[PDB]
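Undergrad: Chains as they are written, first to last, in PDB author numbering: chain B, 56 to 138, 144 to 187, 191 to 276; chain A, 56 to 139, 146 to 188, 194 to 275; chain A', 56 to 139, 146 to 188, 194 to 275; chain B', 56 to 138, 144 to 187, 191 to 276. A prime marks a further copy of an entry chain.
Once you've had a glance at the structure underneath, I'll fire off some questions.
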Amino acid sequence: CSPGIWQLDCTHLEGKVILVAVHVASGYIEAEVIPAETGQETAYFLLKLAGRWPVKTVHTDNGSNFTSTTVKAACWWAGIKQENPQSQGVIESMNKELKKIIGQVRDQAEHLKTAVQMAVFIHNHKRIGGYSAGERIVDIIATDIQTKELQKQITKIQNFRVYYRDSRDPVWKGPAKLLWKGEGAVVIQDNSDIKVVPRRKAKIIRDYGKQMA
Amino acid sequence: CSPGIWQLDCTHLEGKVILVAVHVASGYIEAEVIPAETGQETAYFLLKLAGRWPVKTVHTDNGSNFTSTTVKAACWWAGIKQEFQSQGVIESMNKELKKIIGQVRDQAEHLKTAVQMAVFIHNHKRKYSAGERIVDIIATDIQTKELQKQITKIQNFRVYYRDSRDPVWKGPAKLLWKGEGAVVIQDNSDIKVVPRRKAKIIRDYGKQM
Amino acid sequence: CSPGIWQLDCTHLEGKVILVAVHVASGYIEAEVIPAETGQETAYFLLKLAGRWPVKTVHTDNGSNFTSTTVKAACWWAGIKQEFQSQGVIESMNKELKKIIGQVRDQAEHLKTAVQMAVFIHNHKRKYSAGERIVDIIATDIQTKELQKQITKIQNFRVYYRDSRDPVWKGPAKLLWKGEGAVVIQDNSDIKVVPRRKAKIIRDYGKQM
Amino acid sequence: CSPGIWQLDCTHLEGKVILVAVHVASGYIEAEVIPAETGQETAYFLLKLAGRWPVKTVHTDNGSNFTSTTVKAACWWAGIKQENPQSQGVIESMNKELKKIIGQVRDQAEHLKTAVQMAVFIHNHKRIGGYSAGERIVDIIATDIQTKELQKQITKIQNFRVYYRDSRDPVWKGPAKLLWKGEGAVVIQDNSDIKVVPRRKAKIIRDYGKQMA
Ligand SMILES: Cc1c(-c2c([C@H](OC(C)(C)C)C(=O)O)n(C)c(=O)c3ccccc23)cc(F)c2c1CCCO2
Ligand SMILES: Cc1c(-c2c([C@H](OC(C)(C)C)C(=O)O)n(C)c(=O)c3ccccc23)cc(F)c2c1CCCO2
Ligand SMILES: Cc1c(-c2c([C@H](OC(C)(C)C)C(=O)O)n(C)c(=O)c3ccccc23)cc(F)c2c1CCCO2
Ligand SMILES: Cc1c(-c2c([C@H](OC(C)(C)C)C(=O)O)n(C)c(=O)c3ccccc23)cc(F)c2c1CCCO2
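Next up, the structure:
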């Protein structure tokens with residue numbers, strides 16, 4: 056979702072147009088210099104972009120190169136799918157800030173391109192709050208990574224359907240999902256009510272025969 | 056040791072020349088394709104490479120790509136210090158890479174396109195898998211330095227305790243923990259914990275500029 | 056080396072026991088008189104002593120005064136590290158001190174009073195003189211660290227120049243000076259200066275936390 | 056003068072009264088703990104105080120111990136002579157600040173006295192403007208040291224009286240002091256006018272026969 060999204064921009068310098076690859080929350084940015092900006096050139100970056108990390112969706116306000124098929128297509132191989145005021149505000153500014161950064165080392169660099177990357181190195185590296196945006200991406204990603212596997216775990220759990228005794232005497236009530244399994248232990252919710260029960264008490268059914276696995 | 060360590064190796068390939076990044080624990084790669092090959096040309100990408108991953112050092116099969124001044128020039132901006146069967150594995154990776162490119166080669170007119178795709182495959186390739199990558203590792207590292215710092219802080223402080231029932235006062239000892247009722251510490255071989263009245267812990271000392 | 060270095064030595068004297076500070080280049084002393092002698096008691100004054108002069112290390116004739124925990128305790132708050146004919150000169154100083162006290166002894170009922178006076182005499186005693199003291203030395207030191215820092219900064223930076231008329235680019239070289247028209251640098255054995263277009267100087271690199 | 060002056064105060068803690076020795080410009084402060092405050096005790100500090108550095112004059116708003124002879128007397132052996145709103149404002153505050161500092165490490169120290177010195181160590185040591196007050200004293204002193212010797216040099220120069228030819232033909236005018244001597248070189252001011260002249264042109268007279276030296 057929002058962790059997946061990255062913001063992409065192109066601005067013109069010395070005629071030559073810069074390639075900008077902002078990360079929406081982490082702010083890690085990858086930018087690249089192409090002798091000429093083209094939808095063609097745009098794609099080459101994207102492949103690497105997906106390669107550094109997965110993006111569900113990427114944003115550009117207008118489509119001059121994105122609309123171009125090679126770009127739309129590239130998005131499909133990645134499966135990245137082309138596209144909050146506060147989030148909105150940061151991007152133009154994000155583009156703006158690097159230039160300011162860029163100017164400082166321009167005298168520092170023979171080649172403007174050589175300079176821009178340096179400009180970017182610092183931006184990821186520069187920082191009492193935060194460890195710098197670049198550091199943030201690794202984390203944001205990390206938390207998500209756990210999440211996804213966990214979600215998957217959750218999904219796995221969701222399928223199975225519970226059988227419960229409750230008191231040893233009572234008539235049965237419709238089956239519920241199982242939150243957790245311990246030996247002699249099960250956790251489920253009949254409707255909204257949560258109860259834990261012993262193994263001999265409850266049998267746990269596999270939800271899917273015929274699964275392709 | 057391995058974290059923050061990346062390996063780049065010369066690639067011989069049909070047509071244009073490209074070089075591929077390796078982070079050894081992830082095996083992660085961020086290769087780029089260059090029409091012209093010089094360690095220098097290599098540098099521009101490398102400069103891009105460090106930002107995505109701070110890399111402490113790199114070990115090179117060939118001095119010559121390393122020898123070019125500009126290449127060292129990159130090392131310094133980075134503060135990267137060149138790291139003067147595992148290489149065969151990196152090689153194997155390169156090999157794997159080559160194979161991968163081939164599988165998808167038909168799909169793309171341009172070799173470069175293929176290579177990135179190839180990069181993609183190694184990347185996010187299920188297998194506990196390489197694809198998930200070292201991000202978890204980097205995070206653990208991000209977490210790691212602070213702990214190393216806090217412990218280093220605990221290490222920095224010197225705490226002076228008196229064995230209970232002993233007028234003689236015990237030498238400063240590395241403190242394991244601080245508690246308002248009691249703080250835990252080891253002098254060297256023997257570790258003891260005492261109540262606040264029994265011992266005192268200096269606040270700061272000046273060193274390190 | 057000598058600046059920031061002070062020597063304290065055990066004093067045997069009539070009545071009460073006092074110990075005297077020495078800064079070797081100044082020969083400056085800030086002795087105090089203690090009814091009870093322990094390295095510990097010594098410490099309270101020492102703690103006072105460091106503030107007036109940061110002292111890096113002290114060399115002691117006797118381990119025992121040094122051995123007491125509290126004494127080491129003082130060393131650490133200071134970050135002072137005990138420094139495990147010149148000693149005879151310090152001794153001579155002590156001797157001189159003793160004599161000095163005697164000259165004025167008659168004037169004062171209390172031995173302590175005399176000693177301070179004695180301290181005063183060594184102090185501000187004309188002779194290029196000790197009395198003017200190391201203050202000039204301390205100042206030069208205060209000035210010194212910043213220069214060592216600025217040079218260290220110049221040392222930190224690496225500058226890359228191309229010999230004029232040479233496509234081959236010269237390895238980074240320690241830069242002696244920066245000029246908008248030209249900057250001065252030495253690679254190692256040979257030192258050359260070039261115009262800004264001929265060479266480039268990286269802005270910063272990251273190291274030292 | 057003002058470099059010479061130091062500010063001295065006594066405040067009461069735990070009944071016991073602290074001894075405070077502020078430096079007017081440098082702010083370096085020496086303070087000492089006396090089991091009991093007395094004019095007697097006060098003196099002991101002063102001797103050391105003059106000993107660390109010379110003070111022309113020292114300040115206390117009221118005289119309970121200073122008025123005491125032993126204190127006045129002590130001042131004479133040192134030759135220190137007992138006694144600007146901004147300068148005035150800093151002292152009470154100076155006394156106030158250390159206490160705040162003192163409290164922090166009080167838990168740090170078994171003995172309050174042990175603590176106060178530490179409190180002071182920091183105050184001299186703690187610092191983008193300045194190198195910290197303590198560092199300042201060494202400097203302020205240093206500049207003064209040069210000054211005094213220089214003044215002395217000046218005084219030496221002042222005594223001598225100049226004889227000048229000016230043009231080789233002209234009648235002479237009253238003698239002036241000599242600012243500087245170079246071989247074949249002399250600098251003097253006849254009244255307010257400054258002129259430089261050759262040796263053969265001008266003779267330089269020693270100002271004092273009968274000097275005790
Ligand atoms: C085919 C192709 C193209 C594509 C190409 C390719 O070369 C590029 C340098 C443009 C990446 C290629 O090697 O095939 N080419 C050459 C095209 O002519 C083209 C035309 C229309 C749409 C896509 C491409 C563009 C892509 F970004 C892309 C792909 C496939 C994988 C996902 O990304
Ligand atoms: C300047 C420079 C150079 C360098 C350059 C630069 O342009 C490249 C296209 C080679 C990156 C530059 O913009 O100055 N150039 C042009 C040189 O001529 C050069 C010569 C000797 C050593 C380094 C460079 C090479 C580097 F690897 C490098 C840097 C700066 C950052 C750290 O790494
Ligand atoms: C605490 C302490 C001690 C210390 C003390 C202290 O009181 C003295 C009167 C001895 C200075 C204190 O106030 O705590 N005390 C009381 C101890 O009992 C003690 C025992 C072992 C080691 C040091 C001290 C000794 C020191 F040299 C010292 C310090 C702190 C600053 C650095 O130097
Ligand atoms: C005599 C004396 C006294 C003095 C003393 C002396 O002992 C002190 C501990 C008080 C310093 C001394 O050793 O003589 N004594 C003991 C007195 O009784 C006394 C009485 C009146 C005035 C001064 C002193 C006080 C001083 F601060 C002092 C001097 C002389 C040198 C300058 O300073």
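Heads up, the beta-carbon is just placed ideally off N, CA and C, and yes, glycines get one too.
Would you report the Cα separation of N184 of chain A and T125 of chain A, rounded to the nearest angstrom?
TA: To locate residue 184 of chain A, count along the second sequence from 1; it is residue 123. To locate residue 125 of chain A, count along the second sequence from 1; it is residue 70. Approximately 30 Å between the Cα atoms of the pair.
Undergrad: Within 6 Å: the Cβ of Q95 of chain A' and any heavy atom of ligand 3?
TA: Locating residue 95 of chain A' in the third sequence gives position 40, counting from the first residue. It does: the Cβ of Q95 of chain A' is within 6 Å (strictly closer) of some heavy atom of ligand 3.
Undergrad: At a CB distance below 7 Å, what residues from the stretch 212-246 of chain A approach chain B'? Give them in sequence order.
TA: Cβ contacts with chain B' come from no residue of the stretch 212-246 of chain A.
Undergrad: Between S119 of chain A' and the rest of its own chain, which residues show a CB-CB distance below 8 Å, the 5 nearest in sequence each way excluded?
TA: Indexing the third sequence from 1 puts residue 119 of chain A' at position 64. Result list for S119 of chain A': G94, in chain order.
Undergrad: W108 of chain A' by DSSP, collapsed to three states: which one?
TA: The residue given as residue 108 of chain A' occupies position 53 in the third sequence. Looking at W108 of chain A' - three-state DSSP - the assignment turns out to be coil, as it is neither helix nor strand.
Undergrad: Determine the direct distance from the alpha carbon of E246 of chain A to that of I268 of chain A, and round the result to whole angstroms.
TA: Stepping through the second sequence from its first residue, residue 268 of chain A is reached at position 202. Stepping through the second sequence from its first residue, residue 246 of chain A is reached at position 180. C-alpha separation (whole angstroms): 15 Å.
Undergrad: Can the beta-carbon of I73 of chain A be found closer than 7 Å to that of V176 of chain A?
TA: Position 18 of the second sequence, counted from the first residue, corresponds to residue 73 of chain A. Position 115 of the second sequence, counted from the first residue, corresponds to residue 176 of chain A. Yes. Within cutoff.
Undergrad: Determine the direct distance from the alpha carbon of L104 of chain B to that of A80 of chain A, and round the result to whole angstroms.
TA: For the purposes of this step, residue 80 of chain A is identified with residue 25 of the second sequence, where counting begins at 1. For the purposes of this step, residue 104 of chain B is identified with residue 49 of the first sequence, where counting begins at 1. Taking the straight line from one Cα to the other gives about 21 Å.
Undergrad: Within 7 Å of any Cβ in chain B, is that where the Cβ of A196 of chain A sits?
TA: Start at 1 with the first residue of the second sequence, and residue 196 of chain A comes out as number 130. Not one chain B Cβ lies under 7 Å of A196 of chain A.
Undergrad: Identify the contact partners of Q168 of chain B in chain A', using a Cβ-Cβ distance below 9 Å as the criterion.
TA: For the purposes of this step, residue 168 of chain B is taken as residue 108 along the first sequence, with counting starting at 1. The contacting residues are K266, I267, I268 and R269.
Undergrad: Residues of chain B with CB under 9 Å from residue 192 of chain A, in chain order?
TA: Inspection of chain A shows residue 188 followed directly by residue 194; residue 192 of chain A is thus not represented.
Undergrad: Would a check of beta-carbon distances place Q177 of chain A' closer than 7 Å to chain B'?
TA: Locating residue 177 of chain A' in the third sequence gives position 116, counting from the first residue. Output row for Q177 of chain A': interface = yes.
Undergrad: Let's see if you can read the secondary structure: which residues bound the beta strand (DSSP E) around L74 of chain B'?
TA: The sequence position of residue 74 of chain B' within the fourth sequence is 19, counting from 1. It spans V72 to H78 - the beta strand (DSSP E) in which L74 of chain B' sits, taken as one unbroken run.
Undergrad: The alpha helix (DSSP H) with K127 of chain A' in it runs from where to where?
TA: The sequence position of residue 127 of chain A' within the third sequence is 72, counting from 1. That run of the alpha helix (DSSP H) goes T124 to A133.
Undergrad: For the beta strand (DSSP E) holding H67 of chain B', just list the boundary residues, first then last.
TA: If you number the fourth sequence from 1, residue 67 of chain B' lands on position 12. Note, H67 of chain B': beta strand (DSSP E), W61 to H67.
Undergrad: So with CB distances below 7 Å, who are the chain A' contacts of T210 of chain A?
TA: Sequence index remark: in the second sequence, residue 210 of chain A carries index 144 (1-based). Within chain A', no residue comes near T210 of chain A; the closest Cβ sits about 14 Å away, beyond 7 Å.
Undergrad: Could you pull the DSSP bridge partners for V259 of chain B' from this structure?
TA: Translated into positions along the fourth sequence, residue 259 of chain B' becomes position 196. According to DSSP, which records beta bridges pairwise, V259 of chain B' is partnered with B':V250.
Undergrad: Using a Cβ-Cβ cutoff of less than 7 Å, which residues in the same chain neighbour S57 of chain A' once the five nearest sequence positions on both sides are dropped?
TA: Here residue 57 of chain A' refers to the residue found at position 2 of the third sequence. For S57 of chain A', where only same-chain residues beyond five positions count, the Cβ hits under 7 Å are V79 and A80.
Undergrad: Which residues, in order along the stretch 148-165 of chain B', keep a beta-carbon less than 7 Å from a beta-carbon of chain A?
TA: Taking 7 Å as the Cβ-Cβ cut-off against chain A, the residues of the stretch 148-165 of chain B' that qualify are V165.
Undergrad: Under 8 Å Cβ-Cβ, which residues of chain A neighbour residue 142 of chain A'?
TA: Regarding the residue in question, residue 142 of chain A' is not represented: chain A' runs 139 and then 146, omitting everything in between.
Undergrad: In chain A, what lies closer than 9 Å to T124 of chain A' by C-beta?
TA: The residue labelled residue 124 of chain A' in the question sits at position 69 within the third sequence. In chain order: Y226, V234, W235, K236, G237 and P238.
Undergrad: Listing by chain order, which chain B' residues have their CB less than 8 Å from the CB of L102 of chain A'?
TA: On the third sequence, position 47 is the one that residue 102 of chain A' refers to. Per Cβ cutoff of 8 Å: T174, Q177, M178 and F181.
Undergrad: Hey, is the stretch 125-134 of chain A in contact with the stretch 219-239 of chain B, meaning 3+ C-beta pairs nearer than 8 Å?
TA: Too few Cβ pairs lie closer than 8 Å, so no.
Undergrad: May I ask you to list, following chain order, the residues of the stretch 70-88 of chain A that have a beta carbon less than 7 Å from some beta carbon of chain B?
TA: Against chain B - using a Cβ distance shorter than 7 Å - the residues of the stretch 70-88 of chain A are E85.
Undergrad: Would you say the stretch 212-221 of chain B' touches the stretch 100-114 of chain B', given that touching needs at least three Cβ pairs under 8 Å?
TA: With a cut-off of 8 Å, the stretch 100-114 of chain B' and the stretch 212-221 of chain B' do not count as touching, because too few Cβ pairs lie within range.
Undergrad: Go ahead and pull the three-state DSSP assignment for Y99 of chain A'.
TA: As a working note, residue 99 of chain A' is residue 44 in the third sequence. Helix, per DSSP.
Undergrad: Skipping 5 residues on each side, what residues in its chain have a beta carbon closer than 7 Å to that of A179 of chain B?
TA: Position 119 of the first sequence, counting from 1, holds the residue named residue 179 of chain B. The answer, listed in chain order, is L158, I161, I162 and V165.
Undergrad: What does the Cβ neighbour count give for residue 190 of chain A', buried or exposed, with the cut at 16 atoms within 10 Å?
TA: Because chain A' is numbered 188 and then 194 with no intervening positions, residue 190 of chain A' cannot be located in this model.
Undergrad: Given a threshold of 16 other Cβ atoms within 10 Å of its Cβ, counted over all protein chains shown, does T206 of chain B qualify as buried or as exposed?
TA: Translated into the one-based positions of the first sequence, residue 206 of chain B becomes position 143. By the neighbour-count rule (16 or more Cβ atoms within 10 Å), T206 of chain B is not buried but exposed.
Undergrad: Give me the DSSP bridge partner(s) of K264 of chain B.
TA: To locate residue 264 of chain B, count along the first sequence from 1; it is residue 201. Its beta-bridge partners do not exist; DSSP assigns none.
Undergrad: Report the three-state DSSP secondary structure of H185 of chain A (helix, strand or coil).
TA: For the purposes of this step, residue 185 of chain A is taken as the residue at position 124 of the second sequence. DSSP places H185 of chain A in coil when its eight states are reduced to three.
Undergrad: Could you check whether the Cβ of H171 of chain A' sits closer than 6 Å to any heavy atom belonging to ligand 4?
TA: Sequence index remark: in the third sequence, residue 171 of chain A' carries index 110 (1-based). Yes; taking the cut-off as 6 Å, the Cβ of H171 of chain A' has a heavy atom of ligand 4 nearer than that.
Undergrad: State yes or no: is the beta carbon of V110 of chain B' nearer than 7 Å to at least one beta carbon in chain A'?
TA: Your numbering for residue 110 of chain B' matches position 55 in the fourth sequence. So no, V110 of chain B' is outside the interface.
Undergrad: Say yes only if the C-beta of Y271 of chain A' is nearer than 6 Å to one or more non-hydrogen atoms of ligand 3, and no if none qualify.
TA: The residue labelled residue 271 of chain A' in the question sits at position 205 within the third sequence. No; taking the cut-off as 6 Å, the Cβ of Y271 of chain A' has no heavy atom of ligand 3 nearer than that.
Undergrad: Can you tell me which of the three DSSP states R269 of chain A falls into?
TA: For this step, residue 269 of chain A is matched to residue 203 along the second sequence. Note: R269 of chain A maps to coil in three-state DSSP.
Undergrad: Mind checking if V113 of chain A is an interface residue toward chain B, Cβ cutoff 7 Å exclusive?
TA: Looking up residue 113 of chain A in the second sequence gives position 58. For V113 of chain A, the answer is no, since every Cβ of chain B falls outside 7 Å of its Cβ.
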